[PDB]
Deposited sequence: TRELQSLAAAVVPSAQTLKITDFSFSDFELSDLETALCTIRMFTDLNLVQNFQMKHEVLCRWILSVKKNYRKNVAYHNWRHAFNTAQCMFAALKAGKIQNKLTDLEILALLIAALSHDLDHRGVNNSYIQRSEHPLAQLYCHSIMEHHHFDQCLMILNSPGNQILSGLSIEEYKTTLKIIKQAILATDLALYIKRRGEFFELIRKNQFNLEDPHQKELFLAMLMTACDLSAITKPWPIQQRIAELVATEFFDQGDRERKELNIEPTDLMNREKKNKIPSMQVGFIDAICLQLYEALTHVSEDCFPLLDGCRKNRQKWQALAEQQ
């Protein structure tokens, strides 16, 4: 296609130029093309392109097939969110110094997962066990693209590597199910507290990758105020949209979280979301690597902003 040709023939700026190394990065002013290029730089600077012999044109096609499988009519869960999640993973890996703590395969799997964790999301969200029905679909969507002719970016891996990578990609994507996050963080938080976290432990490694995925998945809550407020409104829109739709089809009354009115409650709930789900996670991550402080730091500053709004409301 023409789009593919443009992407595969364009020059890929340096990560520095793209500014994708900093946690404060923002996509809002970038074109789709620019996000695809950033994505290429991501796979490139993580040495995934050469270490795994990815064919440029195939990588390009795969990036487009993934972007393509996201629905733009969905307010928040679209390509951009997937892209920002991967941008954060890249940032955390580089600026957060998390890269030296993982293997190339773990890294390859995480990048792919971040980009694919919400594939074909329809805008139907949950609340807080649902058995990760949605994430299973996202994975199925990810595998499908990874196997489609011309998009096989994983060809080049041995059979054992492919098997390993696939297993990790699946756990990564399923880990983006908040219910599983809540189900597992307790143990993760205990270790960090008792000061006995050990990445050398296979189980503790998996646990970490899961916490990492959810951390990147929620990265918006850590971005600078202007960006956070903007994305927050996208989240709200999708929820309200779901509340209205859910009431249209089924005669169901939306919980305040999904009801369009009571929108003056977002500051209050954003503070609640941050307290109950984000802060502990980003703080704990800082104990793994102090270079991830910006994430924690950005989360706190947002809680102050939302708190001001709630009182002032």
Deposited-sequence segments unaccounted for in the coordinates = 129-139
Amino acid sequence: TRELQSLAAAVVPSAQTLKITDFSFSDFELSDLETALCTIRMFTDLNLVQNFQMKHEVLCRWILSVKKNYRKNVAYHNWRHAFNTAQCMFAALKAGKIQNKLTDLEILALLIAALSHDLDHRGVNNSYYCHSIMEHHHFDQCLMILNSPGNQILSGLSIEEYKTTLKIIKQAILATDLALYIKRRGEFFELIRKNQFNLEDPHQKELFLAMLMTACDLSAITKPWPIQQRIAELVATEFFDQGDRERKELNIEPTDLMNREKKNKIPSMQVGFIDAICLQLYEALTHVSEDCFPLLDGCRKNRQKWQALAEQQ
From here on, numbers count along this sequence of modelled residues.
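Take the two forms, superpose them, and find the largest set of C-alpha atoms that agree within 1.5 Å; that set is the rigid core.
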Line up the rigid core: which moves more in 8 other deposited structures of this protein, 138-146 or 113-121, by C-alpha RMS?
-> 113-121
So if we fit everything on the core, which stretch drifts more in 8 other deposited structures of this protein, 70-78 or 170-178, C-alphas only?
-> 70-78
Looking at the other compared entries that model residues on both sides of it, is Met89 unmodelled in at least a third of them?
-> no
Thinking of the other compared PDB entries, is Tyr162 one of those residues unmodelled in at least a third of them?
-> no
Is the mean CA B factor in the deposited entry higher across 205-213 or across 189-197?
-> 189-197
Higher average CA B factor in the deposited record is what I'm after, so tell me if that's 78-86 or 179-187.
-> 179-187
Highest Cα B-factor in the PDB entry belongs to which of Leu64, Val271, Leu281, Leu257?
-> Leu257
Residue set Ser31, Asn264, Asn69, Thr44, per-entry CA B-factor max assigned to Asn264
Could you tell me which third, lowest, middle or highest, the C-alpha B-factor of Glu106 occupies within its chain?
-> lowest
B-factor third for the C-alpha atom of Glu233 within its chain = middle
Name the third of the chain's ranked CA B-factors that contains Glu161, choosing lowest, middle or highest.
-> highest
Looking at the entry's B-factor column for C-alpha atoms only, identify whether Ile252 ranks in the lowest, middle or highest third of its chain.
-> highest
What third of its chain, lowest, middle or highest, does the C-alpha temperature factor of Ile20 fall into?
-> middle
